[PDB]
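Architecture at a glance
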Amino acid sequence: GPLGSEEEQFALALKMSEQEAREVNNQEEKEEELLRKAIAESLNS
Amino acid sequence: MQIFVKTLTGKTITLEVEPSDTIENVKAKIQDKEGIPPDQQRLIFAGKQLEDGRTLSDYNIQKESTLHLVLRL
Amino acid sequence: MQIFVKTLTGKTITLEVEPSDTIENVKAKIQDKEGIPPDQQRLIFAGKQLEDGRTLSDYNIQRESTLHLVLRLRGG
């Protein structure tokens, strides 16, 4: 009969998914920060 | 558009979708490919389970995004 | 004519180009000196991000101009 844990693997998926999303966001954020810095440079000098 | 669905065994499924596709559509594709009824599919993305009536666009699920599939009864 | 490309790391690179050169081509020339893949490059001129399809003259980027480079993971 049943031996695995549904809410346990459910929790794992949430966490890994969470991490993955935080990674994607951090990437998008640094890329925006770099873009902002290049724009400021191109206009300030 | 291409996305992925990771399963419990580590086996990864690749799907060709459109940003306007709904989650129920995606569950329809997974069923057609894996034979798993939509009733038993839980799709998780960005720390939460996704709802059938919304689109991939509503969850900002882009190309190459990885969705997590866990099963219910 | 020559133009300059500046990175945020403080490096200034020089390039020999023609007004008729396309941004795509400019990135290619950068690639050949810095190794940086063209699709990871983003060029900024006077507050404007340059599109691959236009040319230097489309932007009126004249001789001695300075372009600013910053990277992205990939295009699309």
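Residues numbered from 1 in each chain as written, not as in the entry; some residues may be left out. Chains lettered and ligands numbered in written order. Heavy atoms only, no water.

Looking at the PDB entry, chain C carries the name Ubiquitin, with the source organism given as Mus musculus.

Per the PDB entry, chain B carries the name Ubiquitin and comes from Mus musculus.

Quick word on the environment of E6 of chain A
Heads up, the condition is: In this text, helices come from DSSP runs of H or I with a minimum length of four residues, and strands from runs of E with a minimum of two, each type numbered from the N-terminal end. Here's how the labels work: a residue is buried when its accessible area is under 20% of the maximum for its type, exposed when over 50%, partly exposed in between, all with a 1.4 Å probe on protein chains only. A contact between two residues is defined here by any heavy atoms of the two lying within 4.5 Å.
With respect to the helices and strands, the residue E6 of chain A is situated in helix α1 (residues 6-44). The class for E6 of chain A is partly exposed, based on a relative accessible area of 22%. Expressed as a C-alpha distance, the spacing of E6 of chain A and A21 of chain A, which sit 15 residues apart in the sequence, is 22 Å. Not counting the four nearest positions on each side in its chain, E6 of chain A is found in contact with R42, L71, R72 and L73 of chain B.

Describing the interface of chain A and chain B
For clarity, the threshold we go by: The term buried area denotes the loss of accessible surface (1.4 Å probe radius) that occurs when two parts are joined, taken as the sum for both partners. Any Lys or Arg side-chain nitrogen located within 4 Å of an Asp or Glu carboxyl oxygen qualifies as a salt bridge. All amino acids are sorted into three groups, where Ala, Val, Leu, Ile, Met, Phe, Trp, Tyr, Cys and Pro are nonpolar, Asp, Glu, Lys and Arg are charged, and the leftover types, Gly among them, are polar.
Taken residue by residue, the interface counts 11 residues in chain A and 14 residues in chain B. Carbon and sulfur atoms make up 58% of the area that chain A and chain B hide from each other, which totals about 1,000 Å². Counting every contact that joins chain A to chain B gives two salt bridges. A salt bridge links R42 of chain B to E7 of chain A, with the nearest nitrogen and oxygen atoms 3.5 Å apart. By residue class, the composition of the side of chain A that touches chain B is five nonpolar, two polar and four charged.

Points about the sheet that holds strand β2 (residues 12-16) of chain C
The strands making up a sheet associate through backbone hydrogen bonding, with each pair oriented either parallel or antiparallel. Condition: The criterion for strand pairing is that DSSP finds at least two bridges linking the strands in question. Every axis corresponds to a line fitted to the C-alpha atoms, with the helix fit spanning only the stretch in contact, and the corresponding angles, defined between N-to-C directions, vary from 0 to 180 degrees.
Across the sheet, which stays open at both edges, the five strands sit in the order β2-β1-β5-β3-β4 (chain C) with mixed pairing between neighbours. Every other strand in the sheet has two partners, leaving β2 and β4 (48-49) of chain C as the edge strands with one partner each. Pairing of strand β3 (residues 41-45) of chain C with β4 of chain C involves two bridges; the strand directions are antiparallel. From the neighbouring strand, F45 of chain C faces β4 of chain C, where its bridge partner is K48 of chain C. Contacts from α1 of chain A reach β3, β4 and β5 (66-71) of chain C within the one sheet, and its direction differs from that of β5 of chain C by about 170°. Contacts between helix α1 (residues 23-34) of chain C and the sheet are confined to β1 (2-7), β2, β3 and β5 of chain C, with β2 of chain C contributing the most and set at about 125° to the helix.

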